[PDB]
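run-v4.txt, holding compact mmCIF, C-alpha atoms and all ligand atoms:
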# COMPACT_ATOMS: atom_id res chain seq x y z
CA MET O 1 0.28 2.53 12.77
CA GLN O 2 -2.00 5.38 13.81
CA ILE O 3 -5.48 5.98 12.37
CA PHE O 4 -7.95 8.80 13.02
CA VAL O 5 -11.46 8.65 14.48
CA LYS O 6 -13.93 11.53 14.26
CA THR O 7 -16.01 11.05 17.41
CA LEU O 8 -19.41 12.30 18.56
CA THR O 9 -17.98 15.46 20.13
CA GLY O 10 -16.73 16.60 16.73
CA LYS O 11 -13.13 16.52 17.93
CA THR O 12 -10.99 13.87 16.23
CA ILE O 13 -9.01 11.36 18.29
CA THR O 14 -5.89 9.32 17.52
CA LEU O 15 -5.57 5.56 18.04
CA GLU O 16 -2.59 3.24 17.56
CA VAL O 17 -3.55 0.05 15.72
CA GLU O 18 -2.14 -2.98 13.95
CA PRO O 19 -3.18 -3.71 10.35
CA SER O 20 -4.89 -6.91 11.54
CA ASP O 21 -6.65 -5.23 14.48
CA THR O 22 -10.29 -6.02 13.73
CA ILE O 23 -13.23 -3.62 13.93
CA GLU O 24 -14.26 -5.08 17.29
CA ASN O 25 -10.79 -4.17 18.55
CA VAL O 26 -11.04 -0.66 17.12
CA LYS O 27 -14.42 -0.20 18.81
CA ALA O 28 -12.87 -1.43 22.06
CA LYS O 29 -10.14 1.20 21.78
CA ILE O 30 -12.86 3.82 21.40
CA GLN O 31 -14.67 2.82 24.60
CA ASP O 32 -11.28 2.96 26.31
CA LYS O 33 -11.21 6.65 25.40
CA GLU O 34 -14.65 7.92 24.37
CA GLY O 35 -16.69 5.72 26.69
CA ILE O 36 -19.31 4.49 24.23
CA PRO O 37 -19.76 0.67 24.35
CA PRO O 38 -18.98 -1.21 21.08
CA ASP O 39 -22.56 -2.53 21.00
CA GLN O 40 -23.70 1.08 20.60
CA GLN O 41 -20.95 1.90 18.10
CA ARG O 42 -21.13 2.19 14.33
CA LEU O 43 -18.00 2.87 12.28
CA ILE O 44 -18.12 4.39 8.80
CA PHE O 45 -15.19 4.49 6.37
CA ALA O 46 -15.20 5.59 2.71
CA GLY O 47 -18.97 5.12 2.53
CA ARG O 48 -18.78 1.63 4.01
CA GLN O 49 -20.08 0.49 7.40
CA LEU O 50 -17.41 -1.64 9.07
CA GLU O 51 -18.51 -5.10 10.24
CA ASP O 52 -17.22 -6.33 13.62
CA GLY O 53 -15.69 -9.57 12.34
CA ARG O 54 -13.64 -8.13 9.49
CA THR O 55 -10.20 -6.54 9.89
CA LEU O 56 -8.65 -3.22 8.84
CA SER O 57 -6.86 -5.09 6.03
CA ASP O 58 -10.10 -6.40 4.52
CA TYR O 59 -11.43 -2.84 4.31
CA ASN O 60 -8.03 -1.61 3.10
CA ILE O 61 -7.65 0.97 5.88
CA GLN O 62 -4.13 2.39 5.68
CA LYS O 63 -1.99 4.61 7.91
CA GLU O 64 -3.55 7.93 8.93
CA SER O 65 -7.03 6.94 7.74
CA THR O 66 -9.99 8.87 9.16
CA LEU O 67 -12.92 6.92 10.60
CA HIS O 68 -16.31 8.44 11.42
CA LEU O 69 -17.91 7.25 14.66
CA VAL O 70 -21.70 7.31 14.79
CA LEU O 71 -24.16 6.19 17.47
CA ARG O 72 -25.97 2.92 16.71
CA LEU O 73 -29.67 3.61 17.21
CA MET L 1 6.96 -11.78 23.73
CA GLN L 2 9.97 -10.18 22.04
CA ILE L 3 11.42 -11.33 18.72
CA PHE L 4 14.49 -10.10 16.83
CA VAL L 5 14.73 -8.51 13.37
CA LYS L 6 18.01 -8.14 11.48
CA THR L 7 17.39 -5.02 9.41
CA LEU L 8 19.02 -3.51 6.32
CA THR L 9 21.55 -1.51 8.34
CA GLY L 10 23.00 -4.74 9.73
CA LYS L 11 22.07 -3.75 13.27
CA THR L 12 19.41 -5.96 14.84
CA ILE L 13 16.27 -4.44 16.36
CA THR L 14 13.85 -5.69 19.02
CA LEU L 15 10.07 -5.80 18.64
CA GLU L 16 7.36 -6.81 21.13
CA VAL L 17 4.76 -9.10 19.56
CA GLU L 18 1.87 -11.41 20.35
CA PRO L 19 1.97 -15.02 19.12
CA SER L 20 -1.03 -14.28 16.86
CA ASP L 21 0.42 -11.03 15.50
CA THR L 22 0.44 -11.72 11.77
CA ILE L 23 3.26 -10.99 9.33
CA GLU L 24 1.46 -7.86 8.10
CA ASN L 25 1.50 -6.64 11.71
CA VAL L 26 5.19 -7.46 12.09
CA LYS L 27 5.96 -5.56 8.88
CA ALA L 28 3.94 -2.63 10.24
CA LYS L 29 6.04 -2.61 13.40
CA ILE L 30 9.13 -2.42 11.22
CA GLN L 31 7.95 0.66 9.31
CA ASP L 32 7.17 2.20 12.70
CA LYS L 33 10.90 1.90 13.44
CA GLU L 34 12.93 1.26 10.28
CA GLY L 35 10.76 3.29 7.90
CA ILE L 36 10.47 0.79 5.06
CA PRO L 37 6.84 0.30 3.90
CA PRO L 38 5.42 -3.26 4.26
CA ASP L 39 4.81 -3.39 0.50
CA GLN L 40 8.58 -3.13 0.05
CA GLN L 41 9.30 -5.59 2.86
CA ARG L 42 10.25 -9.25 2.66
CA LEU L 43 10.70 -11.31 5.83
CA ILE L 44 12.78 -14.49 5.94
CA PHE L 45 12.77 -17.01 8.79
CA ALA L 46 14.46 -20.43 8.92
CA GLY L 47 14.72 -20.51 5.13
CA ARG L 48 11.05 -19.62 4.69
CA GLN L 49 9.60 -16.41 3.26
CA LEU L 50 6.77 -15.24 5.51
CA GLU L 51 3.42 -14.61 3.81
CA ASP L 52 1.42 -11.54 4.90
CA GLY L 53 -1.78 -13.41 5.77
CA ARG L 54 -0.27 -16.08 8.01
CA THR L 55 0.58 -15.59 11.69
CA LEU L 56 3.68 -16.16 13.82
CA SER L 57 2.03 -19.32 15.17
CA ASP L 58 1.61 -20.86 11.72
CA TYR L 59 5.33 -20.43 11.08
CA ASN L 60 6.12 -21.58 14.62
CA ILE L 61 8.07 -18.44 15.53
CA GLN L 62 8.84 -18.57 19.25
CA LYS L 63 10.22 -16.12 21.80
CA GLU L 64 13.55 -14.49 20.91
CA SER L 65 13.42 -15.66 17.29
CA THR L 66 15.59 -13.79 14.77
CA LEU L 67 13.98 -12.55 11.55
CA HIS L 68 15.94 -11.33 8.52
CA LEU L 69 14.52 -8.26 6.79
CA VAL L 70 15.24 -7.93 3.07
CA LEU L 71 14.14 -5.36 0.50
CA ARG L 72 11.44 -6.55 -1.90
CA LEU L 73 12.70 -5.76 -5.41
CA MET J 1 31.89 9.45 -12.01
CA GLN J 2 28.13 9.01 -12.31
CA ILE J 3 25.83 6.68 -10.37
CA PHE J 4 22.15 5.84 -10.78
CA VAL J 5 19.42 6.17 -8.16
CA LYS J 6 16.30 4.12 -8.89
CA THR J 7 12.83 4.14 -7.31
CA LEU J 8 9.68 2.01 -7.53
CA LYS J 11 12.11 6.37 -12.20
CA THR J 12 15.91 6.61 -12.35
CA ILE J 13 17.89 9.75 -11.50
CA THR J 14 21.62 10.13 -12.20
CA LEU J 15 24.07 11.85 -9.84
CA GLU J 16 27.57 13.21 -10.44
CA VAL J 17 29.50 12.02 -7.39
CA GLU J 18 32.97 11.49 -5.94
CA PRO J 19 34.49 8.28 -4.47
CA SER J 20 34.90 10.05 -1.12
CA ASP J 21 31.39 11.53 -1.05
CA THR J 22 29.67 10.54 2.18
CA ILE J 23 26.12 9.19 2.02
CA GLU J 24 25.02 12.49 3.57
CA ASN J 25 26.47 14.18 0.49
CA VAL J 26 24.52 11.80 -1.75
CA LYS J 27 21.29 12.50 0.14
CA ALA J 28 21.89 16.23 -0.27
CA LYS J 29 22.39 15.79 -4.02
CA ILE J 30 19.01 14.08 -4.41
CA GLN J 31 17.57 16.96 -2.39
CA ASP J 32 18.99 19.33 -5.00
CA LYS J 33 17.46 17.19 -7.74
CA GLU J 34 14.12 15.80 -6.56
CA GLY J 35 13.51 18.09 -3.58
CA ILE J 36 13.37 15.31 -0.99
CA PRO J 37 14.85 16.12 2.45
CA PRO J 38 17.75 13.80 3.50
CA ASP J 39 15.94 12.83 6.71
CA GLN J 40 13.21 11.12 4.70
CA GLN J 41 15.85 9.37 2.60
CA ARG J 42 17.16 5.82 3.05
CA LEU J 43 19.70 4.58 0.51
CA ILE J 44 20.38 0.90 -0.21
CA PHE J 45 23.15 -0.68 -2.28
CA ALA J 46 23.13 -4.47 -2.77
CA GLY J 47 20.86 -5.35 0.15
CA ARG J 48 22.69 -3.09 2.60
CA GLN J 49 21.11 0.19 3.72
CA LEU J 50 23.91 2.76 3.56
CA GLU J 51 24.54 4.93 6.62
CA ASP J 52 25.45 8.62 6.78
CA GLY J 53 29.14 9.22 7.42
CA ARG J 54 30.48 6.22 5.54
CA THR J 55 31.63 6.93 1.99
CA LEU J 56 30.90 5.45 -1.44
CA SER J 57 34.34 3.85 -1.59
CA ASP J 58 33.67 2.42 1.88
CA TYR J 59 30.93 0.38 0.20
CA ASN J 60 32.95 -0.19 -2.98
CA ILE J 61 30.27 1.69 -4.91
CA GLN J 62 32.04 2.13 -8.24
CA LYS J 63 31.02 4.24 -11.22
CA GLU J 64 27.70 3.46 -12.94
CA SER J 65 26.52 1.71 -9.77
CA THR J 66 22.82 1.74 -8.92
CA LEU J 67 21.55 2.93 -5.54
CA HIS J 68 17.97 2.42 -4.36
CA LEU J 69 16.03 5.24 -2.73
CA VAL J 70 13.52 4.46 0.02
CA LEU J 71 11.46 7.17 1.73
CA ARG J 72 10.63 7.65 5.41
CA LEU J 73 7.72 10.07 5.05
ZN ZN O 101 2.51 3.71 14.93
ZN ZN O 102 -4.36 -4.36 18.80
ZN ZN O 103 -8.31 -0.89 28.64
ZN ZN O 104 -2.87 -8.15 21.92
ZN ZN O 105 32.57 12.58 -11.88
ZN ZN O 106 30.70 15.65 -3.41
ZN ZN O 107 20.21 -2.41 -7.28
In structure tokens, how does this file's structure come out?
Ligand SMILES: [Zn+2]
Ligand SMILES: [Zn+2]
Ligand SMILES: [Zn+2]
Ligand SMILES: [Zn+2]
Ligand SMILES: [Zn+2]
Ligand SMILES: [Zn+2]
Ligand SMILES: [Zn+2]
Amino acid sequence: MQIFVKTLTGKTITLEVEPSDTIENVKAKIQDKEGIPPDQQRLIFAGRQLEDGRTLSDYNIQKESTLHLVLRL
Amino acid sequence: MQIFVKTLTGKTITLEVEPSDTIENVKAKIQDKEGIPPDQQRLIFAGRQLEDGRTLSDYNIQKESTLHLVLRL
Amino acid sequence: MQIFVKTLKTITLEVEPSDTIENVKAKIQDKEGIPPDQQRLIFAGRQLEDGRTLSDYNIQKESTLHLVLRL
């Protein structure tokens, strides 16, 4: 399962996930590529800010979904 | 940790999992190989139909366990 | 000899006992426009494989095949 993440450089990146891979895991995959620590990460999807504890299933993120990465002020 | 999945073609496939990798994750690994969407997947193990929410630990699936994949009508 | 192919509608194909599954996939392509590569046919729990024939699976007339996509 591969989802999409629009980063801070504009360019979109591709990450391989499991449907139960939580938001904290997704943020960790971003810092393994983008470099921005999860504490300074905010993930938006379909007008909803993703909470760390919840999973991709709870937010109904499916295959090839596009996530928008923004910097947590 | 590698478990076994008897698919719909008869031939058995091999998937690498974690003991906490839930059934929804296992089904996702199948559609990454077999092609059948998780919504149309039913997994049987030791006479028990595996529920999406539960994990491999809850059903006591151990290393080298064989899972039978059937098509959800 | 006609067989049914059901999904999720139901399309009907005019086939031959010696038609390979690859032939069946190509018929659906000429009917619903779906490429054979993204086709996976199942008859009675068993996913049919290209090369083997309808008679090889004892798929008689008026039998119902199930179409699953690999998009
Ligand atoms: Zn994948
Ligand atoms: Zn993961
Ligand atoms: Zn790492
Ligand atoms: Zn892991
Ligand atoms: Zn005929
Ligand atoms: Zn023919
Ligand atoms: Zn049937």
Inset, instruction - Write out as a VMD selection string which residues come within 12 Å of region 24-29 of chain J when counting all atoms listed in the file, dropping same-chain ones fewer than 5 positions away. - result: chain J and resid 2 to 5 13 to 19 34 to 44 50 to 56 67 to 71
Inset, instruction - Kindly provide, as a list in words, the residues of chain J having any atom no farther than 6 Å from an atom of chain L, counting all atoms listed in the file. - result: residues 48, 49 and 72 of chain J
Chain O residues near chain L (10 Å cut-off, only C-alpha atoms) as a PDB file with C-alpha atoms, keeping the file's coordinate frame:
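Ended up saving to selection-v4.pdb:
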ATOM      1  CA  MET O   1       0.280   2.530  12.770  1.00  0.00           C
ATOM      2  CA  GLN O   2      -2.000   5.380  13.810  1.00  0.00           C
ATOM      3  CA  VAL O  17      -3.550   0.050  15.720  1.00  0.00           C
ATOM      4  CA  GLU O  18      -2.140  -2.980  13.950  1.00  0.00           C
ATOM      5  CA  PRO O  19      -3.180  -3.710  10.350  1.00  0.00           C
ATOM      6  CA  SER O  20      -4.890  -6.910  11.540  1.00  0.00           C
ATOM      7  CA  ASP O  21      -6.650  -5.230  14.480  1.00  0.00           C
ATOM      8  CA  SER O  57      -6.860  -5.090   6.030  1.00  0.00           C
ATOM      9  CA  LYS O  63      -1.990   4.610   7.910  1.00  0.00           C
TER      10      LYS O  63
END
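For the set L:60, L:46, L:65, L:16, the residue with the smallest atom-to-atom gap to ligand ZN 104 (chain O) is L:16, counting only C-alpha atoms and all ligand atoms.
The space separating CA of residue 49 (chain O) from CA of residue 52 (chain L) comes to 24.8 Å.
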Is it possible to get the axis-aligned box enclosing region 45-52 of chain O (all listed atoms, 4 Å extra per side) as lines of an AutoDock Vina configuration file, with centre and edge lengths in Å rounded to one decimal?
center_x = -17.6
center_y = -0.4
center_z = 8.1
size_x = 12.9
size_y = 19.9
size_z = 19.1
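Taking CA of residue 30 (chain L) and atom ZN of ligand ZN 101 (chain O) as the two end points, the separation is 9.8 Å.
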